[PDB]
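# Structural characterization, general
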Amino acid sequence: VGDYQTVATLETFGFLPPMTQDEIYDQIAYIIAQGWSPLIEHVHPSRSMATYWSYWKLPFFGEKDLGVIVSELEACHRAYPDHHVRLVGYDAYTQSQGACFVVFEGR
Amino acid sequence: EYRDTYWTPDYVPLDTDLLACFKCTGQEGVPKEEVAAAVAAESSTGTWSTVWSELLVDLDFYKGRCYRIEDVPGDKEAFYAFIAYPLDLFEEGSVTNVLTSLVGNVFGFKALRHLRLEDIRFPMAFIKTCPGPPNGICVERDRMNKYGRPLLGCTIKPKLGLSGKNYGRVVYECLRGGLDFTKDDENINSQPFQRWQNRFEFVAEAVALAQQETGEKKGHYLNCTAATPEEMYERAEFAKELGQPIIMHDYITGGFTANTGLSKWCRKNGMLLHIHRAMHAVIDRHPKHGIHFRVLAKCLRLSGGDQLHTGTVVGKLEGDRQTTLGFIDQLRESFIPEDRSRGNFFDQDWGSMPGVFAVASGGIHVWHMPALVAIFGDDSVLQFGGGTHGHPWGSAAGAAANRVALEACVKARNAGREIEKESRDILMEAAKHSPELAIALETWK
Amino acid sequence: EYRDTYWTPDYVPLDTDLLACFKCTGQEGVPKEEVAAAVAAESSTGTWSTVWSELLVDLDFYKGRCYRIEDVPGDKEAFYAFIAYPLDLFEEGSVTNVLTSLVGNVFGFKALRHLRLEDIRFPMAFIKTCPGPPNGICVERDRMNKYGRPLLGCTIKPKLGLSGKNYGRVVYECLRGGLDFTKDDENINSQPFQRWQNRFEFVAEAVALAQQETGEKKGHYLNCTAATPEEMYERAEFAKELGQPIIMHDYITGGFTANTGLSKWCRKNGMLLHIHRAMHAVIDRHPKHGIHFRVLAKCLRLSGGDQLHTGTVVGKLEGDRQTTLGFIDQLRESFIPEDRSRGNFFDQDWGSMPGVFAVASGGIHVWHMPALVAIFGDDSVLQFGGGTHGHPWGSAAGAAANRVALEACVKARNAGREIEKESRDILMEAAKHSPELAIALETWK
Amino acid sequence: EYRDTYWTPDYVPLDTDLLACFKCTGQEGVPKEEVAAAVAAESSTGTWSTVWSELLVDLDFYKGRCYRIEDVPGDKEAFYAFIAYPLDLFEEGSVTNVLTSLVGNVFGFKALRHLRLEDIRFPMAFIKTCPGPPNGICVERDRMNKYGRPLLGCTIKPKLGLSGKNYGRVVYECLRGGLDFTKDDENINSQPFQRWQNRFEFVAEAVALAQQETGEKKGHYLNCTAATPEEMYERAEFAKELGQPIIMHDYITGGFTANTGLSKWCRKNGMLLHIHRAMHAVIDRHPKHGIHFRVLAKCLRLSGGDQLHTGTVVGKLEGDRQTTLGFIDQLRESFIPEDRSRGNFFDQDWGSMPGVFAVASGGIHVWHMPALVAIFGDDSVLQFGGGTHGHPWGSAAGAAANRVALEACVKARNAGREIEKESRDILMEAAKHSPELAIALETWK
Amino acid sequence: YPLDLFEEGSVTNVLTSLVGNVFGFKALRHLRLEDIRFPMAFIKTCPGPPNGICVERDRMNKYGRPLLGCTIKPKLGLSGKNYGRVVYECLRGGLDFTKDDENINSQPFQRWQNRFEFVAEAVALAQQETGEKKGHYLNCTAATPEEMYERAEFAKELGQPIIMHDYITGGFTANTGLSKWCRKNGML
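As recorded in the PDB header, cryo-EM is the method behind this entry, and the stated resolution is 3.8 Å.

Identification of chain E as Ribulose bisphosphate carboxylase large chain from Cyanobium sp. PCC 7001 is taken from the PDB entry. The deposited PDB record carries the title "Subtomogram averaging of Rubisco from Cyanobium carboxysome".

The name given to chain B in the PDB entry is Ribulose bisphosphate carboxylase large chain, with Cyanobium sp. PCC 7001 as the source organism. Turning to chain B, the UniProt record has this under Subunit (unreviewed entry): "Heterohexadecamer of 8 large chains and 8 small chains." Under Sequence similarities (unreviewed entry), UniProt gives the following word-for-word description of chain B: "Belongs to the RuBisCO large chain family. Type I subfamily."

Written out as structure tokens, the structure is:
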């Protein structure tokens, strides 16, 4: 009974409703606990299929505070409130993205 | 008697040697050292009487050395034997040569009731000689732009009978639900009811359509295992022309030589290689005799490849997941410390040679996923052929339900939670926004 | 329960079906019909619950049928099961597809304690589709101009260590003694101590010299099993350019696909194909589980090839030569009647598709030859690696002694004499003109 | 006398044999058994006196067997003869070899007043050996996404004289009216007034434009029959590069070998193959002598191909549509039961080998369409060269009128109505919304 | 030196005939080659640069100013994606080109195919974004000339307008062959 309509989703937690701020705190705390580094990416939704998004300030290495990460997230969200904004944890020892998901979706 | 020249009581293996572990059971009341030396010789040298030509080449240097006999924990007739091999006894990067030199004739000697190859310690040199996987774990993740979660596949059910259009539309329905990949059936390459060209064309069209619709880089596993290597290369290049980013193969049935050639071609053409373990059980179903699946996994990783089927272990048989996680370690990590419980008898280092994804499929569905995530980590792929297709709402709805279940499970794991116990709460919370997940969890409670 | 749709109490197989025999042992106290139907389904179709896509293709027509359960003579828990397969379930001439569809996943089901593939009845159509052996028995005899007697080979001992010149001169010494062929070692293709090009060049020169000297068309088995199919084809074509009339391969280690491609290339280039059964024991050493060697022999004969290793059975183990002679029948004759003692569970006809030579090697020397001739007939080859080389007078003298022993034995057999009993008199009479034969018979009395 | 060894009074054909039916008329007052045995021998073996070499090969096994002489219903001098053939007398998938072995020399024997090949029962094995049609009926329907109705073609009139631009624009005008395809003329491949490259380029451009405009996947039949196979393959690959989904060929004039090669290339490149029956009448115009068109249709279906010209039978000659529908059955169905009225003398099964579309063209226009739909079913194509072009409103209007006539006819047939009788009412009702259809039906009442 | 002592357009032959054995004579404490005056004929025989200064300026549509490059730091360790994104970040700032490191062609941590693919994608993205014809220097110096030509043709297929090479380590013969291939394929 009923159909599931195709939805333009956003890559690993694109299906779930937008995450709450406490969940963002937990995610960034996990990124810290894994020794990864936070990195902020914003891009226009029309170019979601690109390979590299427009990066914010350089990745924060040795940064272990959640509050600065949240401040940077809200600052970048106010910078481009119409772009898709995601947070990525970078692992230096494996040269991969340990965890990444969208934080703010554009209008 | 062969112990005097093929049993070494105090020899220490060289770091360039090839070390092999055999679980051996000779005849009743035979010297364990003698049967171990017989196995070691039967791997390299064997004569029935005095011989002449062996005095023209130094048999002392070109011979194996069994250097340690250990008592198996559970049988006093079965014993672990560690045999060394000089590096020169093999080809520079030929897993086929390794298998021929290791199990070519040893299994035919009457003086052994049972023989089982357990572990192999490949020297760093031989690993550096082999081509290895064409892409690697991180490179595949980069080429698919998929992270955070394990990937989600499914076998296209039924096993056969589909035409090109029908197979393509079924693959499209499976793919558009957020499923990462789909694998063709291991025994389906080219059939009178379905010629491979039509299947490849239609599945490429469906993959392109689904990729455009869902806004994600997607792909389907295309099989190139066929009668001749020429046909295999032709189908691989046809898939390359159709923009398909991954192809699949059966390395045991097709052959180690064919697998190595396919991996070299994939590296030369920038293609991903999927592999299924068809006929592996015929070599590892018996727990006391044959070749353990860890050896086959090592051989495939050396010969090249990006994915390898394992099951998990769980779903039907709680079993001995320790050794399964052990071969997973040997599949992913660059180095693995010794672990007798995990079936790792050597300190094996792969240098900086990229690992291989693990494939977990068969007898699994939504209910098992938390434990699967816990045991396989993030570097694995999950396939639910019947589960996604047998979902009453359709393959797309089943794939979406499995995708959201995986997302919720990996979120809870990243939250710092013990997923195995509260898994029921996790799936209920996920179902609070996915009715298809709710009905699926209802189907196979 | 799957008996209702996968157990057929009164079905009669169609003459175009593929019939398979499985020696099955389910769990204790389980329905034998149910486990047989589970095996049959697991070969074709398997679902864990109600499914949808199977209603878009007629599962009734594309499904196997187990039609007969017979009680094994010796175990009441083990039972022979005969499963049918519609012709459309396979590829037109792909032994690889047959193996994938037959043992791809059936060995992983938990409801079976043990499973063993016993016999396969290939339909005439599928046999006519496959390329088959490139030359055939009579064609090989024509190309070698050798008749009357079985042919005589030998493995080049030691297993390795020889340079190109040394390997070539050893092969020449073995060949000039009347020996028909020599086979390279199964694990020796290309080594750091010996690159394959030098070995092929020197052995071709030695074969040409011996052919000129002895006045007989001779040849050596050249191995093309390697890391990649490209290297295999390159070495095969290099051997073709050097006028060598036969090459050898390991079909299990190299792969069924590689073997089929090599056989097709040999037919396209007019080359003889030798095959060794390396790693066959890992599939047939266990007498209760795995795949019987007759199935592998059938698969190799379908995939192409001129020679196949068997041992005899005798020399170390008197054993059960009945079933060995049975698979010999399946290797040589165009049709074979059913024989439960010989392990032939089907009336199998090959039409007019040429057979394959049998290879008997390992643990044999001069003393065994009369019985070997009696059991293997005239369509076989005998190899004595250590025996010919370990002869104190040299490889040439040992080869000559074995050659004259074979000549005397086949003469006495043609005389109408029972060779097995009076074999001692036969060998003494032969030694009355060959002192090397006398000393050889003295060595291993 | 040859009856003693080539007439079998009580032989039953084997299921792997090739069975042939000949309508034979020997000289007046000759033994019918003797002349039938003479025909059977002249197909396989013929000697004028005692011979020697036939004792080196078993003539008993490699010989045909005429096993049944039946009285023709209508002539007592003409008789049906059924001759068997062992499977080994032919090549594995060579229709050319079948024709050479069947009619190579039999038609030259003086002892036969007339000889006509009526029916052939191809064994399942030989059918499985041949490549067969590259796509098949359902696969072509999938690739064109056209169902419900038969497809609509037209020959480009006049027979020749058009330049590349003019031919392309005429094809575009025909195609944009809802017409499914257009076929080039059978005798027009490359001319001094028109080089094939220009025609292919312009027709590809026109097909692309019409496909964009009408919103339907369309195509034109491109001819590759030429002087050399190299030119044929070059033109086929040029059409492949230009995105054209179908090419056409004349298999009789070009040759069975050329047709088989073209079909194999189409399968290897994923191309549709159209075929015209040029010069078939020279073989089947005479109703008493020659080869019946059903045999040629069987040969073409075995050799590969997607479409075959038939006429219907109706439009000029009410004739004997029974046998026409019979060969239609042999063209479409996988199995056909025996039907003496339909000219089907054997129980012929094609396994699961896809059939071939039927082509009805020549001497037909709008008025005949209901009967054409009734007799040819939905798996056929209708071509109206002059009718669509000779329509006073233009080729596009004529094609649209024929398209809507076909739509109305298939709608009424699906409605459960007897179309043949009330066809006038059906066409009037269709004309109530298509004035071009009204004027067309007025033109050729 | 008479003109006939050399090959028609072989710098390798010139080096062999000039410094092949002269540096081994004991009667010389030190020897240094300072200047060479190549005759017009020998210059006309050699293939020369495939494009030239003005032709490169035309193919890049860059004038007025010198061009701006940068080596991708660190010297190694980058994966295909990381190397590509670093190159993209360098390129999008108005930088003309980027050069791969001279000792980095194909590594166990980085296979050349992935680097070429990712850097081509990044160059295309940066070219679209900045509105300027851009490119990155791709290295083809490798173990065998076959691999060099294969990588050069792969770069040609990926639309990359320039490749790089080490002529001393790779060899004068390899450099001449690479330049001839670049001229035959229209590559910088």
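## Quick look at the interface of chain B and chain C
Opposite the 87 residues of chain B that make contact, chain C presents 83 residues. For the chain B and chain C pair, buried surface summed over both sides reaches about 7,200 Å², with 59% attributable to carbon and sulfur atoms. Considering only the side of chain B, the residues that lose the most area to chain C are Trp48(B), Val282(B) and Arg285(B), jointly responsible for 11% of the buried surface there. Viewed at the interface, chain C and chain B are joined by two salt bridges. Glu92(B) is paired through a salt bridge with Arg195(C); the nearest N and O atoms lie 2.7 Å apart. Where chain B touches chain C, the interface holds 26 residue pairs in polar contact. Across the side of chain B that touches chain C, the residue classes break down as 34 nonpolar, 40 polar and 13 charged.

## A look at the interface of chain E and chain B
Facing nine residues of chain E, the contacting portion of chain B comprises ten residues. Each partner contributes to the roughly 940 Å² buried at the junction of chain E and chain B, and carbon and sulfur atoms together form 48% of this total. There are zero salt bridges connecting chain E and chain B. Along the contact surface separating chain E from chain B lie two residue pairs in polar contact. The biggest single contributor to the side of chain E that touches chain B is helix α5 (residues 112-130) of chain E, with three residues. Partitioned by chemical class, the residues of the side of chain E that touches chain B number three nonpolar, three polar and three charged.

## Remarks on the sheet that holds strand β10 (residues 307-309) of chain C
Residues and elements named next belong to chain C. Taken in spatial order, the four strands of this open sheet run β5-β14-β13-β10, and their pairing is parallel. A single partner strand is all that each edge strand has here, and the edge strands are β5 (151-153) and β10. Adjacent strand axes in the sheet meet at a mean angle of 30 degrees when their direction is disregarded.

## Details of the relation of the copies chain B and chain C
Mapping chain B onto chain C is achieved by rotating through 180 degrees and translating by 0.4 Å along the same axis, at an RMSD of 0.0 Å. The superposition operator between the copies reduces to a two-fold rotation axis. Closest approach to the rotation axis within chain B is made by the C-alpha atom of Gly255(B), at a distance of 1.7 Å. Looking at the interface residues of chain B, 93% of them are also at the interface in chain C, so both copies use one shared face.

## Brief notes about the UniProt feature "domain: Ribulose bisphosphate carboxylase large subunit C-terminal" (unreviewed entry) in chain B
Mapped onto this numbering, the UniProt entry annotates "domain: Ribulose bisphosphate carboxylase large subunit C-terminal" (unreviewed entry) at residues 136-444 of chain B. With 48% helix and 11% strand, residues 136-444 of chain B has its two end C-alpha atoms placed 35 Å apart.

## Some points on the side chain of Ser434(C)
Residues and elements named next belong to chain C. For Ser434, the position within the fold is in the loop between α17 (423-431) and α18 (435-443). We classify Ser434 as buried; its relative accessible area is 4%. If we skip the residues at most four places from it in the chain, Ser434 touches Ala401 and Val404.

## Looking at the nonpolar core
Judged by nonpolar contacts, the single largest core of 347 residues is most densely connected at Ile247(B), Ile247(C) and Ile247(D). Beyond its immediate sequence surroundings of up to four residues, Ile247(C) is in contact with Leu222(C), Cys224(C), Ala236(C), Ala239(C), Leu262(C), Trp265(C), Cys266(C), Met271(C), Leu272(C), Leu273(C) and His274(C). In this structure, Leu78(E), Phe116(E), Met148(E) and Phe154(E) belong to the second largest nonpolar core, which totals 18 residues.

## Examining the packing of helix α17 (residues 423-431) of chain D against helix α18 (residues 435-443) of chain D
Residues and elements named next belong to chain D. Viewed as axis vectors pointing N to C, α17 and α18 meet at an angle of 140 degrees, and their least axial separation amounts to 7 Å. Judged by the inter-axis angle, α17 sits oblique to α18. Side by side, α17 and α18 meet where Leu427, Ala430 and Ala431 of the first sit next to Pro435, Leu437, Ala438 and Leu441 of the second.

## Comments concerning the domain arrangement of chain B
Reports of interface size often rely on the accessible area that becomes lost once the parts have come together. All names here are of chain B. For chain B, the assigned domains read domain 1 (3-129) and domain 2 (137-444). A separation of 35 Å is found between the C-alpha centroids of domain 1 and domain 2. Taken together, the 26 residues of domain 1 in the interface contact 28 residues of domain 2. Looking at the side of domain 1 facing domain 2, the largest losses of area belong to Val95, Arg116 and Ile127, adding up to 24% of the total buried there. At the surface where domain 1 touches domain 2, the tally comes to two salt bridges. With its nearest N and O atoms 2.8 Å apart, the salt bridge here joins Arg116 to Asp284. Run the count over domain 1 and domain 2 and you get eleven residue pairs in polar contact. Counting residues per element, the ones that place at least two in the side of domain 1 that touches domain 2 are β1 (18-26), β3 (79-85), α3 (95-103), β4 (112-121) and α4 (124-129). A total of eight residues in the side of domain 1 that touches domain 2 trace back to one element, the largest contributor, which is β4. In terms of residue class, the side of domain 1 that touches domain 2 is made up of 16 nonpolar, three polar and seven charged.

## Digging into unusual backbone geometry
Cis peptide bonds are those with omega within 30 degrees of zero, and the linkage from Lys157(D) to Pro158(D) qualifies with 0 degrees. Tracing the chain through its elements places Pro158(D) in the loop between β5 (151-153) and α6 (164-175). In this structure, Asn145(C) takes a positive phi of about 55 degrees despite not being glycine. Counting through the fold element by element, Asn145(C) comes out in the loop between α5 (137-144) and β5.

Calculation notes
- Sequence order sets the numbers: each chain starts from 1, possibly unlike the entry numbering, and residues with no coordinates are not included.
- All chains are assigned letters beginning with A, and all ligands numbers beginning with 1, in the order in which they are written.
- All reported values concern the displayed chains, which form part of a larger assembly.
- Calculation of side-chain values draws on the structure's entire complement of heavy atoms; hydrogens and water are dropped beforehand.
- UniProt positions are given in the numbering used here, feature names are shortened, and annotations may be inferred rather than shown by experiment.
- Any two residues whose heavy atoms approach within 4.5 Å at even a single point are treated as in contact.
- Two parts placed together each lose some accessible area; with a 1.4 Å probe, that loss summed over both constitutes the buried area.
- Criterion for a salt bridge: a side-chain nitrogen of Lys or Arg within 4 Å of a carboxyl oxygen of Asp or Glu.
- N or O atoms closer than or at 3.5 Å make up a polar contact, with two conditions inside protein: a donor-capable atom paired with an acceptor-capable one, and, for residues adjacent in sequence, both atoms drawn from side chains.
- In this classification, the charged set is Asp, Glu, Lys and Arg, the nonpolar set is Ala, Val, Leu, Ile, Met, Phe, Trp, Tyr, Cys and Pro, and all remaining amino acids, among them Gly, are polar.
- The numbering of helices and of strands both runs from the N terminus, where a helix is a DSSP run of H or I of at least 4 residues and a strand a run of E of at least 2.
- When DSSP finds at least two bridges between two strands, those strands are taken to pair.
- The axes used here are C-alpha line fits, helices contributing only the stretch in contact, and every angle between their N-to-C directions lies in the interval 0 to 180 degrees.
- Overlaid copies: least-squares superposition on C-alpha atoms.
- Each residue is assigned to one of three classes by its accessible area relative to the maximum for its type, calculated with a 1.4 Å probe on protein chains only: buried under 20%, partly exposed between the two thresholds, exposed over 50%.
- Only buried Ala, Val, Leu, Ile, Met, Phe, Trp, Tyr and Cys residues count toward a nonpolar core, and they belong to the same one when joined by side-chain atoms within 4.5 Å.
- Here roughly perpendicular refers to angles of 65 to 115 degrees, roughly parallel to angles under 35, roughly antiparallel to angles over 145, and oblique to all remaining angles.
- Domains are outlined according to an automatic or database domain assignment.

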